[PDB]
Structure formats: C-alpha cells, structure tokens
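I'd like to ask some things about the structure below.
By written order: A, B, C, D, E and F. Residues from 1 in each chain.
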Amino acid sequence: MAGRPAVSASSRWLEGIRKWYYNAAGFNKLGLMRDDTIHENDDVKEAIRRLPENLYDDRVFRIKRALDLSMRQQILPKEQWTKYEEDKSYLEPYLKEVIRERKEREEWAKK
Amino acid sequence: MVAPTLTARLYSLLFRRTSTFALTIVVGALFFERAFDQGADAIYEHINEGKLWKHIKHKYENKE
Amino acid sequence: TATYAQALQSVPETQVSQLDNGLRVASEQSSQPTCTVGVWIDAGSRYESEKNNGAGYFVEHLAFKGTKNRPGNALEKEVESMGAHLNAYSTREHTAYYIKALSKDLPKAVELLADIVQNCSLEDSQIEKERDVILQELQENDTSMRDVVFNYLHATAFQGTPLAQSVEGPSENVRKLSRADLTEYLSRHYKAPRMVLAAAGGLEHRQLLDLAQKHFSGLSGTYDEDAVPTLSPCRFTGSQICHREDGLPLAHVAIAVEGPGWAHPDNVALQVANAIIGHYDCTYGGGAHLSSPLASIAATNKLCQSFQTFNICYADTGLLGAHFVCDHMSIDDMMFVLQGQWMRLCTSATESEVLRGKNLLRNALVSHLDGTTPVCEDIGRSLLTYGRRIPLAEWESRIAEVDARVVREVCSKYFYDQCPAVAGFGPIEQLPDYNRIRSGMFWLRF
Amino acid sequence: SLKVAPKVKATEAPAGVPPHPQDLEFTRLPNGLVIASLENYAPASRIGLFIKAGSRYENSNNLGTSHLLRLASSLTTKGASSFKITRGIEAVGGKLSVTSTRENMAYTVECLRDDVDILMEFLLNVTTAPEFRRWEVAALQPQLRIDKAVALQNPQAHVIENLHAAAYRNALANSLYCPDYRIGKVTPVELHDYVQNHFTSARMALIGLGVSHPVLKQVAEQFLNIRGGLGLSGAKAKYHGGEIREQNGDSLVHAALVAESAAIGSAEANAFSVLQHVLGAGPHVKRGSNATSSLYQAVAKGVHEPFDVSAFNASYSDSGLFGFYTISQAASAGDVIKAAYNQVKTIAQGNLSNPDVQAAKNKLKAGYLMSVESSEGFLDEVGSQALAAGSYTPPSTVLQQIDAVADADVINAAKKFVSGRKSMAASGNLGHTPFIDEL
Amino acid sequence: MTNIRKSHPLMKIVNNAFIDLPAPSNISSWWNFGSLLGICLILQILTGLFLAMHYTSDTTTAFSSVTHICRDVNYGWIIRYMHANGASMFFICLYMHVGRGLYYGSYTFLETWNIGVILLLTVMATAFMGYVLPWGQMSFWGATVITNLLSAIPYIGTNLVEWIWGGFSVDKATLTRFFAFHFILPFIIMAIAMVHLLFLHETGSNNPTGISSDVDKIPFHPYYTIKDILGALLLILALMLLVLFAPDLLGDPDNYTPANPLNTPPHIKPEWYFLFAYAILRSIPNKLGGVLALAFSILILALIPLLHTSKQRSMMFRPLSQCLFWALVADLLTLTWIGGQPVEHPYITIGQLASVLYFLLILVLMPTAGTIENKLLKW
Amino acid sequence: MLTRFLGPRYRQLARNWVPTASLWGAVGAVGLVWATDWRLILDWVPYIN
C-alpha cells in the first residue's frame, strides 16, 4: 500500500479507498476485469457455463493474454489498463442465481 | 430371537447389526485371551511337573 | 370445502352376498351409464403340477372360442353386436373374465359369463388350432426382456415349488397337452366356493344377485376332490440366474427378496418404501430434480434407461425388490447404488421422505380406481386374497399410521441381511458376483 | 377414517352416486376464456388447461417448437423454479402431464383435493409465465431425440406422421415430433413467440374436476388478449392428397389408405364415425376372430396368414381423414390392401343391411360412453369440446345424434371415401405393396 | 518420432506425467523447489547410503567413526558435508515450498496440501534423528531436551519417553534405534512424495495469477525440464558453496566434542531449521502448554485451508494480505533469531511477542484481511 | 455430527445413527482397553479380576 491521494488519509469517504485499492490490486494492469480473477469453485464453475458465447469467449482471451503478461512478468501499457469506472460485473447476475438456486436446494433438504 | 435354536438367538441379538458384531469380537477376545492362557498354561505345566522354577521354588526363600 | 378425508367416506360401500353353492356375488353401485361384470377364480400356474402346467393359458384361449349353448363364433358375435368389450387375464394365482358394457345391458352380460365358465366346449379341432397359437405365442414372449427376466426371477426365487412355474408353461407341455387334461383341470379348479362374480357401474346389487342366482345356481360346490383343496407353502431360495447373451443391447436385471404376502399388514409400510425409491425410465421431464434419491442420480449420471420398484404379493410369500434396464457398462454402477438406497431406509430414513412416500401411495390408490374396470378387478381380487374388500378410507387409516420408525423397522426386517434372488438377461458381464451382491445387503461390514 | 369417533364427515345430499350427481358448470368470461368445473366430491382432483396450440400451428421456420414446448414443462418460471416445481409437485404426490395433439395442447395436473391450490399455482406459472432460460432450453435439446426415438419405436406412429404429411400441405401435415434437422436448432426466442401467440386466453379453456367454480373462476382471471399469428407451413389447413412410401426392411408392412372425411361437429363426421364401426375399428373379444368386423372378414378369405385391418377415422376442426389401416406380410401385402379396399366399394354400392348399421350404432354409443367413463377420459372429452365448440354436450344428447344418423348417410360417407382423392402412407418391405393408381 | 509407437501398456505412460503433462506457462521461479525437493531427497539417500557404509551406531564407536569417515575414507570428507549441508538445503527448499502455497493459495488442493504437511512432519522427524547420529555433545543434548518434552503428556508421557529412549535416558539403546529409523524413514518419504504428486496431477499446477490456466497450458518436457535443470544447478551451486567454502558455517562448533552426559554445553539448541519452533515452546513457562504450542505451530498448516476468506485465491491481487504475508515471514525470521539466543530479559519479551503474533496473524489478521478486501471489491 | 446442516431432516438423521455411533465408541473404548490391559478398567470386570 502507499500514501493515499488526498494528503495521507486515514479513512476518507468510501469510493476513494475503493478506487485507490483497485489500482493497488493490480489486476487491471493485466487487462482483467474483476470477475476474471474470481476463484472457480463448484458454484462459479457452473455460473461460467451459463455465460453467453460472446461474453465467455471474451473472458477466455482476457485470461489468455494475462497469462502471457504474467509469463513475461510484464504489464499492459498505461492506456490499455482496465478503468475502474469502466469495470463492470459480467458474472454477478449469473452468480446470484446460482446463489439463489443453491440456497433453495439446501433449505429444501433442511425443512 | 423367537426361535428355539441357540444360533438364531445368537445372530439376531448380536450379529444382526455390525456395530454389535464388533462388540462380541472385542469382548470375546477379552474373555478368550484370559481363559486361553490359563487353559494353555495349566496343560503345559502338567507336562513339566517338578521341572520348572515354579515347581522347585518352594525349597528356597527361607521363610517364604 | 370437501376435504380429502371427507371425500374418501363418500365412496359407495361394496356389497358382498353369498350364493347357495358358495359363489360370492359382489358389486359397487355407481351412476355411470356403463358397467363391467367379471368372474375371478382361484386358478393359475401355482395350482398346476408339472404334468398339467400351463393348462390355464390353454383353457383361457379356448374359453371364448365356443360354448355348449353357442358353438363357434356365436358367443363372440353376441358380444360384438351388443357393443361390449370382452377381456380375460390369468396369472400364477388368479384368472378373470370381465365384460364391459352399458349398465342397461347387465342381464345379458351375466348370462354370457355363466356360459363361458360352466359350458366350455373344448372342441377337438379347437385344441389343435389353439395349440399352434400357444406355441407361436411362446416364441413371441422370448423377445420380451421384462417378461423373460421376471420368469427367470420366479424360476430361482421359488425354485422347486409350484410358484416357479410360468403361467404359459413349457413348450413341451403345450404340445403334449390333450383334451382330457383340460377338462379335468376345469372340473377341479372351476368351482363355486373358489369363485367371485364382481361388478361395478350403474347396476343395482339386487339385480346382479338375482342374475347370478338365475345362471350360476347350476354351478357345483360339492366335495368333488379334497373338498376345495388348499395350497402348500413355497420356500424362497436366495439364488442367481444369468442368461448372458451379448447380442441383445441392454441388460434387464431384477433383484428381489421374500415378501410378506397378501394378508400381511406390512405391505402398506413396504409400499411406502417402494414409493420413496420411485421409478425412472429416461423419458421423465424432472431429470436431476426428481425427489427420489435414486431416480434423480440415474437421470444425472445416466445409469439406466428404466427402473421400477415392485412388490408382488402371493398367498404366503412374495417378491419385493426392483428391476432396472441399463447399459452393459452400468449394471454394477446402479445395482450397488440401488442396494445402497435400500440400506438407507433400513438404517436411517427421515420423516419427510416417508411423508413423500405416503402421499405417493395415497395417489396410487385413488388414481388407480378410475372408471369401473379397475374397480371390479380390485373388488374381485380382494375377495380372493384379503377376504373382505378393504375400503379406501381403511387404506388411508393404515397409511396414516406409517412413519419413519415403522419404515425403518419394516424395511430392515425384509431387506437388511436377507439373501436376495437375482435374475439377469443380456450383456450381464459387468453384473457383480452374488457374494458382492449379498455383501451389499448390510452396511459397515461388506 | 376414525378422525374423531363418528365423523359422518361428508355424508352430504348429492355426493355423486347418491341421487344428485351434480351438473357441469359452464361459464365464458368476457375476455373469451372458458371455465368448466364438475364437482363430483371425489378424493382425486384433476385440473386441465386446454390450449389451441397444436403442432399444426408451427410454420416451416419453427418446426418442432410444440414438441419442445411439450417437453418444456418442469422448467424454471417466474414464480417457481424448475427445482421447486419438480420437488413441490412430487412432495404432495401430484402428477403433471402435457397432452398434445395436432390441434390442442392440454396441460393437466392430478392430485388429491386437499392440495389442489398448490397444483393450480404451479400450473398457472408453467403455462403462462415461463422464463425459458437459454441454458435450460439448451440442455433439453437431446431429450427431443430421446423422446422421438422411443415414440417412433412403434411402426404405426411413423405411418400416421407420414399420412398427414402426404395428405396435407398446410398446418395439419406437421408431425407431432421435432424434425431430425431441428433437434438443437430450436431457440428460446422461438418458444417465447410460440407462447405469446398461441397461449392467449381465447384459444384456452380451463377444465377441472372436483373443484368449486369460484376457485376455478378466481384463479383464471389473469389471462391475455392475443390471437394466433401466420405461418408458411401452418395456419389454415387445406387437403392435398399424396403418397409417401418408406422402406426399412421390416418383416411386417403397415399401410394407411385414407381419403378426405368431414370435420367435427358436422353431421357428416358422425356418418363416418358410424361407418368406421361398420368396417370394424378394434377388437371387442380378446383373441377373437372378428366375425362382425366387415374389413377383417372380407380379407379373411384368400389370405390365410397373419394380418390385421381396421378403419382409420382421423377428424379435425376443419377437415378429416377417413380410410383403413392394414398390417400384413410383404409376401401378401397387396392382397390384404386390395381385398379390404374392395369391401369398402361394396358398401358404397348400397350393399349394406340395417342390422349392420344398428350394431355399429351400438358399438359407437358404447365406445363413446366408456371413453368418458374414466376420470381422465371425461376431462379430455369436455376439454376439447370447450375448445372446438363453446358448450358442453351431455352424453345423452350425443347418443341421440348418433341415433339420428340415417343409413343413407353411411352409404354417402362410403362414396366420399371411394370417389375421393386418396392419401397412401406405407412402411416396411414395400416390394409388393401397391401404389395409389393400382388401387 | 519414428513409428505409431505401437505398444503402450507399460510404465512409459506413467512417465507421460513428466513429458506430456499440461502446465501453466506463467509458472514462476518459485516452483523449481518442487523438483529441487526431489533432487534434495535423492541426494540425501545417495550420500546417506555411502555414509552408512562406514558409520557404526554403538556409542563407543559412533563419534570415532564419523572422524574416520572424514580423516581416512578417500573423498569421504565431502560426502559427510554435502549430507550435513544438504539437510540445510532441504529445509531451505522445504520452507519455500510451503511459503509459495501460502502466497499462491495452493492449499485449495486439499488432498495434495494435507499430504504435504505429512511430508513436512516426516522430514523434520527424519532430520531430528540424523542429528543425534554423530553423537557429539549437541546430538546427545539436543535430543535430550526435545525428547524430554514428551514427558509433559499425562498418563503416557513418562511411559512413552522411556519407550522412545529404550531405557531411562538417551544412550546406546536410543542411538542404535535412531540410525535404523533414520535409514527407513527417507524411503517412506519417496512413497509419500509419489502419492503427493498423485493428488496434484488430477488438478494440475497453480499459476501465480490464481485463475484457471487450462487455456494456456504448455508441454512440460521442452520448457520446464530445462527450467528445472537450471534450478537444479542453482541448488548445486548454493549447496556446494557451503560445502567447499564454509562447511561448518551453519553447524554449531560444540558438536565436535564427544557426547558427555555429565557435562552440559554452554548453550543447548537444535539446528537452525527447528530454531523457530524452539522459540515458540520457550515462550510459555508452562511445560504442557509449550509442547502443545510447539506441535500446534507445525500442525497449523492443516488448518490454513479452512481459514480462506478472500474471493480471490492467490495473493497476487490482494495487497492487504501481501503486507501480512511478509510480516509473517519477517516474524518467522524473528523466531529463528530468538531461538538461537539464550533466554534472558531482552528475548523473553521479544520471544513472547513474536510467538503471540505468529498465531495471531494466521488465525485472526489473515482471515480478517480477506474479508476486508471482499468489501472493497463489491463482493 | 454425522450431518451437514442444522435442520429437522439432519436432526432426524443424527438421532437415527446415534445407537450405532453409541455402540461404536465401545470398540474404541474396550478395544483400546483390551489392547493395553487398561488396569483401572480391567479391575472392574469380575471374570478378568
């Protein structure tokens, strides 16, 4: 972590720290969206299988080029980083349904 | 359980459930191992009466 | 506001009356313009020795081929121009001849039914003609995997007993059967005390009794032989038959154990246990979401293309198990998960799934009794096995008394540690050895 | 039983079999929906939703949509998921099935009367508001091949599918199963279009057994106001007449020679129906020789080998098909078709007897009464009646209509088949099966 | 490439895991330690076997045989020191193998990770009995304090200590048992290591990114065999640098005097790879608490997979957890520094604080670190 | 234990497998006692006294 943009900042607002942390995380430097780095469990893996072909194929290349960047220990140029505002959750709608499906399935075996 | 033969009562009471099947094995091993040693030693000392140290000890340890 | 409990009581009560010779006349009044009337008799393969095995199938074939009163096709011509449907079935313990027609046509239907029973013709030319029909039908049933396997299961489960004989009988017996054996069989097993004339529809019970009194009074119920001889118990035999034939694509396997019987009250609890396991035959829309643990997984992993849970009930014995149709590389992959399902009810069955099984059993009884054709069969068959006819409300009372504890106790009494009978057919190379099958009948010790 | 000691519980005035059997309430909403509920007080409750969305309404582009829509049940909806529907229905023991003909597609639920409200909610969500998620529809595609393969195991199914294909060009010629090229080519947008066009009130009719009318009335006031669309191969049917011959080396040869009969409701359809039993359309005695069956008796002489002939009577809302269906060995396939065909010609020439008509009327009346005798058969009969017509005709009225069929009308019906434009569909070893021209 | 290769039902297909096995392209240099560990294992067996051809377990001729190995055996001096300094390389490689799993979330391979802890315990046990073999006043006394820790257990502590000792104290009976046990245990490690790979080949490696690498797998043979060979040389260079230029840099000088039960060394301490464990045990005055904390710290690895909280898997994109990870590594170095120092007033405070931080970081701070970032990423 | 969640279905599952788990610990108790002749335990059995 490094000095926060304002002066030094202990904890100011909420969007400022999230924006600061996004650049600190560094997965935008590899050209990856937030949901391109998630852990693939038995839930996320199914929610990937429901992705549309255009969206799933886009994810494959973003991961494919990121591993090329990690292989050479390089990053994308300053203009090709994933902007924090332009980052969008393409997997949250699909995760939520699998969350809904699994909770209903689990509670049906409990009642 | 309701049969006039011993083994039928021996099976349903104990061997019907594998949990109690192991109980008779472990408990049976307790009573078998204790009786077998006494059973298999008393016969051994009969073959060797007046031979081992147990059978000639009595003429030693002065007052004992 | 008419609850399910209140609607069961509204079902009309079966009326049973006995004739002079011991004929049981039964009926259930209704409002339908149509009705069916039939005669159920105590006859089948179990009542025939090896010498006259398959006489009932031979007798049933000639039953509609001609009578003393109506030689030739006149008996059939009367029914067809009348508008009625004539049917007849025979099993290892029962035979029936039921005719469905308009309620206004009941008097003629009963008159015909008496003629078929008492006045069979059995013309010498008809036996020779019907002999080729049985032989052709015997070659026909060789292609039915379901029927062949169940006859294989019956052959070894009750081996060395009358219950092991098939209804149709061996081909050699069919060829050598003569008219003398057939008429002797009819004169021995077709008697009033072992008979029941049932009906259901828009018919008054008084009319049916009077019609039976007019036509069935000529039936005899005397001492004839052994004064209506009783049966003999058949011993279940844990065994295994494997007709390995790789030409046939699929494998039909039926595994069953000894059942309680017709009159044993444990059938209700066992019928709940079968409903929990359920059935699946690859055309279900549920797929992986089926509530039955075995049905759902067979749809997910694609184990079988068909599987059913059955409880065949006989006089003092029965077959209780399952029968599945699967690939040649899935016999093991489901037989042992089928047995694992049985061990779940025997050891630890939750109350909720027993409630699911109870509801499934409740619908099975109510939905089966639709129309009048199943009603007469239920009325006729019950009076030959249960004695009285069990009302639907009484069935619910026994169903409502089943819980998890009963299912766990009842299943463990007939399924756990008992030697099963296995019948196979097709590419059954993968089918596990009997000791592997036997060791699947208990947990934590296999 | 034995819930409190006496519990006369339900010993009410009507209770079905006791003197009052209760009538069938019929109501038509201003929207155009039809509601019919018969309260028989039976323990079993059966509710069916009949929709005019048969396999014929598909055009050439979206063939097989009805087959997938029939399979589409037990899938995620707006109010209930696929898991909730399968688990919720089976927990109470209820049964959900989807009947489907070329004209109608009935959605039926059977359960105990205690839990009929739960089944109704699942039925409405399945029928009216399906989500049709892309992944779920995609996973159901291989079921189309499995369902069609098993349903086509019976050789008579293939001939009937080909018979309508040969006879018609328009809607009615569409098969009831998804075409071999369409398995996997169906898309969720097509299913939504099919539902939005055909699952729309005025083509629906709600029928229930053992449910009070207000329960049916209240649950049915949530429907649409749309009608059907257009179609390249399905819309308004027009009879063409053709001939389709398929060879598959089978031992037994199935042949279906039919002409154009009249549509339902029309008095001419009744003439064919009674003519259907004159020629014999199914056995009445198990393992019988079919003495009264004119078709079977006619082919009995000469042909001394296994065979089977009946009378085929497929009737629809706007047209129909009448003829005979034959099964015979390829060695003598032509003789059986020709002998059975010549018998029909004798009927057309007036060689018919009144007792023959009287027996056929008796068979028709009895055959119809047993059809509605069962709980499921009665619902299907009234359900389709509420769709093709707008009112329920009691069985007694139907018997009068059958009894009001003159013997001359039967002869004219035979003449229509003989002089009509035929449509032949055959299957099996067609080495000796005759063509249409050498009829 | 010459034929259709025919055949195939042999042991070559088992070797496809070394040639045709898919592997991530972006596998960093922190991964040669997997192959380095195998190099270290077969190196200890190779040198150990030749050491066992001149070593005699009797106390009267145990230490004198070690001197005979160096002084008399031709080229026997080097073999002893690649064995003594190889164990230093073994535990150097062992601790980075664990560290990479901590950083890159490799513990999500529950089967492989759990077998990894078993492998860690076996080597630490094996290296402990090897130190007692030279019998040199650090072997006797280093084994004295550690084995006596088992006396804190109740109702078995006294019984099993004598059972472990083969008598009333460490003596010739204990020495012979250790040499026999030290001979067999490494061959157990080979079997477990094969089992360790068997639970990993089912799921493959773990790219430093942490995302699935199934889209960018590469053949192992042309790319990582030459990468591991270079890594092996860096191991040989590092090991040989100690052996040929500072053979006794890591070992304690007091080990060169023959073991004397009547005489106590000025400072009693284990080898450097157990020093961090010594600091934790010495941080608690209680005897039963100290042995439990000594075992818990080693056995806390099995509890790590149950403490994962972050929606991501590798620490590559977890800056908050990265700061904690190097705090744990620094603290683990503080524990090593504390262990080699006598128990006095500047180190009791530092030792207790470092130990209480070692458990606090993994048990509390790290799981809380993953939860905090989950809020910062809107998930 | 022997369950997955905290529900009536699992509570029935746990209760249904308590008697077997009840007597399974006897093997762990008696068998361990039998292995090393646990005196405090072997002092109470009458025949093995």
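The rule we apply is simple: a contact is a pair of C-beta atoms (placed from the backbone, for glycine too) under 8 Å apart; a residue touches a chain by one contact, two chains touch by 3 or more.
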Third chains touching both chain E and chain C: none
Required minimum of steps from chain B to chain D, each step between chains that touch: 2
Chain separated most widely from chain E, comparing mean CA positions: D
Between chain F and chain A, distance of the C-alpha-averaged centres to the nearest whole Å: 49
Interchain centroid distance [CA atoms averaged], chain C/chain D, Å: 30
Averaged-CA centre spacing for the pair chain E and chain D, given as whole angstrom: 77
Junction residues of chain B - those touching two or more other chains: 19
Per-residue multi-chain contacts in chain F, two or more chains: 8-9, 20
Numbers and ranges of chain E residues touching at least 2 other chains: none
Contact pairs between chains, per stated definition: A-D, A-E, A-F, B-C, B-F, C-D, C-F
Partner chain D, residues of chain A touching it in the complex: 49-50, 52, 101, 104-105, 108
Complex contact set, residues of chain A against chain E: 1, 17-18, 21, 24-27, 30, 32, 34, 36-40, 60, 63-64, 66-68, 70-71, 73, 89, 92
In the complex with chain C, residue positions of chain F that touch it: 8-9, 12-13, 16-17, 20
Chain C residues within the chain F interface of the complex: 347-352, 404, 408
In the complex with chain F, residue positions of chain A that touch it: 106-107, 109-111
